[PDB]
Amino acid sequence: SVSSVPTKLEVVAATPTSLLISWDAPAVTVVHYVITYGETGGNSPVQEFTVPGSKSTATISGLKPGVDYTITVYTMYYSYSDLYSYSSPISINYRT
């Protein structure tokens, strides 16, 4: 009955080609976070990497300056009576 979706997804620091994001972990045993990012403006297409459940921050880099990005995060978590499953994503927009 507890949400497995991270909260307060935010860009914390930014250079013209990189983003540092942080989130608040969900009250749930998280094994890893999936981070996706791609260009808001139609097909780019969307790229994906994971981050250990320990962490609640990630660096996205190798981006184009002055571009709209959509960033989303969901969790690979453990819970009773679902075992290992995936959460809904939380999502934000940031323009480089």
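Just count from 1 along the sequence shown to find any residue number. Only the largest set of C-alpha atoms that superpose within 1.5 Å between the two forms is called the rigid core.
**Q** Return whichever of 25 to 33 or 40 to 48 has the larger RMS Cα deviation from the displayed form in 5 other deposited structures of this protein, where every structure is aligned on the rigid core.
**A** Comparing 40 to 48 with 25 to 33, the one that moves more in 5 other deposited structures of this protein is 40 to 48.
**Q** So which stretch wins on mean C-alpha B-factor, 38 to 46 or 63 to 71?
**A** Mean C-alpha B-factor is greater for 38 to 46.
**Q** Quick check on the deposited entry: does the C-alpha B-factor of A58 sit in the lowest, middle or highest third of its chain?
**A** Middle third.
**Q** Considering only modelled residues of the same chain, in which third does the CA B-factor of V28 rank: lowest, middle or highest?
**A** According to the entry, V28 has a C-alpha B-factor in the chain's lowest third.
**Q** Going by what the PDB entry lists, where does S1 fall on CA B-factor within its chain: lowest, middle or highest third?
**A** It falls in the top third of the chain.
**Q** Pull the Cα B-factor of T15 out of the PDB entry and bin it into the chain's lowest, middle or highest third.
**A** According to the entry, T15 has a C-alpha B-factor in the chain's middle third.
**Q** Going by what the PDB entry lists, where does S81 fall on CA B-factor within its chain: lowest, middle or highest third?
**A** Top third by C-alpha B-factor.
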